Amino acid sequence: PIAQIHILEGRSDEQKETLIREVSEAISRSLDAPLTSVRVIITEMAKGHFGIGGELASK
Ligand SMILES: *[C@H](CF)CC(=O)C(=O)O
């Protein structure tokens, strides 16, 4: 399994490392998939690069 997670910029390294660990564990547990088979990619979005309803995250 390969997971990619788009999140807004601004979080600490430590919190991102938690995200990676906890998502990986959830995938492994859910699927009975070996933990070493699980890859996670965190993709940070600049606040001026994410829209909801046509309005920026930076607003
Ligand atoms: C997760 C993607 F299907 C499995 C994988 O990449 C692997 O078996 O190494």
# chains A, B, ... in the order shown; residues from 1 in each chain; ligands from 1
>>> residues_near_ligand(ligand="ligand 1", cutoff="6 Å", atoms="only C-alpha atoms and all ligand atoms", output="list in words")
residues 1, 2, 37 and 38 of chain A
>>> residues_around(residues="residue 11 (chain A)", least_positions_apart="4", cutoff="12 Å", atoms="only C-alpha atoms", output="list in words")
residues 7, 15, 16, 17, 18, 19, 42, 43, 44, 45 and 46 of chain A
>>> write_last_selection(atoms="C-alpha atoms", output="PDB file, in the first residue's frame")
ATOM      1  CA  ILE A   7      -2.060  18.528   4.385  1.00  0.00           C
ATOM      2  CA  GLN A  15       3.482  15.778  14.431  1.00  0.00           C
ATOM      3  CA  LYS A  16       4.135  14.679  10.834  1.00  0.00           C
ATOM      4  CA  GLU A  17       6.182  11.726  12.072  1.00  0.00           C
ATOM      5  CA  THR A  18       3.237  10.732  14.287  1.00  0.00           C
ATOM      6  CA  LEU A  19       0.905  11.018  11.268  1.00  0.00           C
ATOM      7  CA  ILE A  42       3.212  13.554   3.186  1.00  0.00           C
ATOM      8  CA  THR A  43       2.603  16.419   0.752  1.00  0.00           C
ATOM      9  CA  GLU A  44       2.442  19.874   2.325  1.00  0.00           C
ATOM     10  CA  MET A  45       0.352  22.483   0.559  1.00  0.00           C
ATOM     11  CA  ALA A  46       1.246  26.151   0.747  1.00  0.00           C
TER      12      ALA A  46
END
>>> closest_residue(among="A:49, A:29, A:39, A:21", to="residue 9 (chain A)", atoms="only C-alpha atoms")
A:49
>>> select_by_dssp(residues="chain A", states="strand (DSSP E or B)", output="number ranges by chain")
A: 2-8, 39-45, 51-52, 55-56
>>> write_last_selection(atoms="N, CA, C and O atoms", output="compact mmCIF listing (two decimals), in the first residue's frame")
# COMPACT_ATOMS: atom_id res chain seq x y z
N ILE A 2 0.48 2.21 -0.82
CA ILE A 2 1.12 3.51 -0.89
C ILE A 2 0.08 4.57 -0.62
O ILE A 2 -0.88 4.75 -1.37
N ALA A 3 0.29 5.33 0.45
CA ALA A 3 -0.62 6.39 0.83
C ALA A 3 0.05 7.73 0.59
O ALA A 3 1.23 7.87 0.95
N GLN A 4 -0.68 8.69 0.08
CA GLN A 4 -0.20 10.07 -0.05
C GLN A 4 -1.22 10.93 0.67
O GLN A 4 -2.42 10.82 0.44
N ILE A 5 -0.75 11.80 1.57
CA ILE A 5 -1.60 12.64 2.37
C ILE A 5 -1.26 14.10 2.12
O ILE A 5 -0.14 14.54 2.45
N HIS A 6 -2.19 14.84 1.53
CA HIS A 6 -2.08 16.29 1.35
C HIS A 6 -2.60 16.95 2.61
O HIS A 6 -3.74 16.73 3.02
N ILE A 7 -1.73 17.76 3.20
CA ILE A 7 -2.06 18.53 4.39
C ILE A 7 -1.60 19.97 4.17
O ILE A 7 -0.67 20.24 3.41
N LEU A 8 -2.19 20.90 4.91
CA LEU A 8 -1.69 22.27 4.85
C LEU A 8 -0.34 22.35 5.55
O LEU A 8 -0.13 21.70 6.56
N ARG A 39 4.03 2.32 2.48
CA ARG A 39 4.72 3.59 2.25
C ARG A 39 3.76 4.75 2.40
O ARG A 39 2.62 4.70 1.93
N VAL A 40 4.21 5.82 3.06
CA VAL A 40 3.42 7.01 3.22
C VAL A 40 4.19 8.23 2.78
O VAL A 40 5.36 8.42 3.18
N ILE A 41 3.56 9.05 1.96
CA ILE A 41 4.08 10.30 1.42
C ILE A 41 3.23 11.44 1.99
O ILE A 41 2.03 11.46 1.84
N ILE A 42 3.87 12.36 2.72
CA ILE A 42 3.21 13.55 3.19
C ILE A 42 3.53 14.67 2.18
O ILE A 42 4.70 14.89 1.84
N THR A 43 2.49 15.33 1.69
CA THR A 43 2.60 16.42 0.75
C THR A 43 2.01 17.69 1.38
O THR A 43 0.81 17.77 1.63
N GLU A 44 2.90 18.65 1.73
CA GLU A 44 2.44 19.87 2.32
C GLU A 44 2.05 20.85 1.24
O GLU A 44 2.81 21.09 0.30
N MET A 45 0.89 21.46 1.44
CA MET A 45 0.35 22.48 0.56
C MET A 45 0.59 23.87 1.16
O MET A 45 0.24 24.13 2.31
N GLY A 51 -7.55 25.71 -2.24
CA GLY A 51 -8.89 26.31 -2.26
C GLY A 51 -9.99 25.39 -1.75
O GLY A 51 -10.00 24.21 -2.05
N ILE A 52 -10.93 25.95 -1.00
CA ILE A 52 -12.21 25.33 -0.72
C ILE A 52 -13.27 26.33 -1.09
O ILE A 52 -13.27 27.43 -0.57
N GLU A 55 -12.11 29.83 -2.38
CA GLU A 55 -11.42 30.69 -1.38
C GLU A 55 -10.18 29.98 -0.85
O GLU A 55 -10.19 28.76 -0.58
N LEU A 56 -9.12 30.74 -0.67
CA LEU A 56 -7.88 30.17 -0.20
C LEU A 56 -7.93 29.78 1.25
O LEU A 56 -8.49 30.49 2.10
>>> atom_distance(atom1="CA of residue 35 (chain A)", atom2="CA of residue 23 (chain A)")
10.7 Å
>>> select_by_dssp(residues="chain A", states="helix (DSSP H, G or I)", output="list in words")
residues 13, 14, 15, 16, 17, 18, 19, 20, 21, 22, 23, 24, 25, 26, 27, 28, 29, 30, 31, 35, 36, 37, 47, 48 and 49 of chain A
